[PDB]
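Sequential numbering from 1 along the given sequence is applied to the chain's residues. Just the heavy atoms: all of them, side chains too, but no hydrogens, waters or symmetry mates, feed the values below.
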Amino acid sequence: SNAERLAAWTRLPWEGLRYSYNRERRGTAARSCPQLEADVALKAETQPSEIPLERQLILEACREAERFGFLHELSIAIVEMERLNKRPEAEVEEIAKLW
């Protein structure tokens with residue numbers, strides 16, 4: 001779905017990316033950031049690999065946004081942050097095709 005694509009497109013660090021997720025989850029029963037962080041940290045250590053924990057965290061956050069219906073709002077917010085980091089418009093175009 002667009003959750004895996006968005007998680008695939010973003011370059012934001014989790015420390016920054018966590019803010020939009022926390023911001024866009026208002027009004028939903030979605031997991032908080034510490035709940036996500038605790039859940040993902042355990043899931044990472046139950047199947048250890050070379051996959052960075054940051055990638056698993058970001059993918060879990062995008063999936064949770066999709067389950068509880070604020071993935072579109074989260075995609076807009078992530079693109080906003082990337083544009084603040086001067087992410088090239090050519091790369092923003094790749095994710096803009098979801099819209």
Side-chain angles (χ1 to χ4, degrees):
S1 71
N2 288 351
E4 282 79 10
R5 190 88 76 98
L6 176 59
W9 177 89
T10 187
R11 304 296 118 94
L12 295 175
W14 174 245
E15 185 183 357
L17 188 145
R18 64 181 174 159
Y19 299 141
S20 299
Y21 171 83
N22 189 70
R23 170 67 173 81
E24 303 305 328
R25 75 181 179 95
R26 296 187 183 168
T28 70
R31 278 172 293 170
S32 66
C33 293
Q35 293 178 333
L36 279 185
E37 287 167 1
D39 288 353
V40 178
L42 176 80
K43 84 136 175 170
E45 267 59 78
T46 59
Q47 285 174 349
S49 67
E50 300 193 14
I51 299 301
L53 183 68
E54 199 162 25
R55 294 268 89 213
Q56 308 181 46
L57 278 173
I58 292 177
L59 172 60
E60 189 75 23
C62 293
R63 290 182 169 186
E64 188 89 344
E66 184 186 353
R67 167 57 155 285
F68 291 96
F70 58 96
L71 180 63
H72 179 72
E73 292 84 346
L74 177 59
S75 65
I76 297 166
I78 287 178
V79 166
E80 277 183 335
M81 294 180 55
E82 297 257 4
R83 279 173 161 169
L84 266 172
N85 305 342
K86 301 182 179 166
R87 185 80 179 264
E89 285 296 305
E91 301 173 11
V92 177
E93 202 174 8
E94 173 72 15
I95 202 63
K97 72 182 55 181
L98 306 184
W99 304 331

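- For residues 28-70, every residue pair satisfying the ring-ring contact (aromatic ring centres under 6.0 Å, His included) rule, not counting sequence neighbours, is listed here: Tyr21-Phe70.
- What you find for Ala8 and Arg11 is that their closest heavy atoms are O-NH2, 3.4 Å.
- Taken from CG in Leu71 to CD in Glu24, the straight-line distance is 10.5 Å, to the nearest 0.5 Å.
- Residues satisfying the side-chain contact (heavy atoms from CB on, under 4.5 Å) test with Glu60, not counting sequence neighbours, are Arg31, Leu36, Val40, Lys43.
- Remark: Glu89 engages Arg83 in a salt bridge (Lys or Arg N to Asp or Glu O under 4.0 Å) (not counting sequence neighbours).
- For the pair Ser20/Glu73, no side-chain contact is recorded, criterion being any heavy-atom separation below 4.5 Å from C-beta on.
- In plain terms, the two heavy atoms of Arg25 and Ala30 that are nearest each other are NH1-O, 3.8 Å.
- Placement of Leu74 and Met81 within a single hydrophobic cluster is found when ILVMFWY residues are connected by side-chain heavy-atom separations under 4.5 Å, directly or transitively.
- For the side-chain contact (heavy atoms from CB on, under 4.5 Å) test, residues two or more places apart in sequence or in another chain that qualify with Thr10 are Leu12, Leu17, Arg55, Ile58, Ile78, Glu82.
- Contact of the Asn2 side chain with the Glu66 side chain is not registered, since no non-hydrogen atoms from C-beta on lie closer than 4.5 Å.
- For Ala44 against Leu53, the heavy-atom pair with the smallest separation is CB-CD1, 3.5 Å.
- At least one donor-acceptor pair closer than 3.5 Å links the side chain of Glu4 to the backbone N or O of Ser1.
- Sorted by first and then second residue, the ring-ring contact (aromatic ring centres under 6.0 Å, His included) pairs with a member in residues 30-51 form an empty list; sequence neighbours excluded.
- One distance of note links OG of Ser75 with CG of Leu6; it measures 6.0 Å at 0.5 Å rounding.
- For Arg18 (side chain) and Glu15 (main-chain N/O), a donor-acceptor pair under 3.5 Å exists by modelled atom type.
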Between side-chain atoms of residues 91-99 and protein atoms elsewhere (two or more places apart, or another chain), which donor-acceptor pairs fall under 3.5 Å?
from  : atom 1 : to    : atom 2 : distance (Å)
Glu91 : OE1    : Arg87 : NE     : 2.3
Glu91 : OE1    : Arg87 : NH2    : 3.4
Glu94 : OE1    : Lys97 : NZ     : 3.2

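- Closest heavy-atom contact between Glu54 and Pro13: OE2-CA, 3.3 Å.
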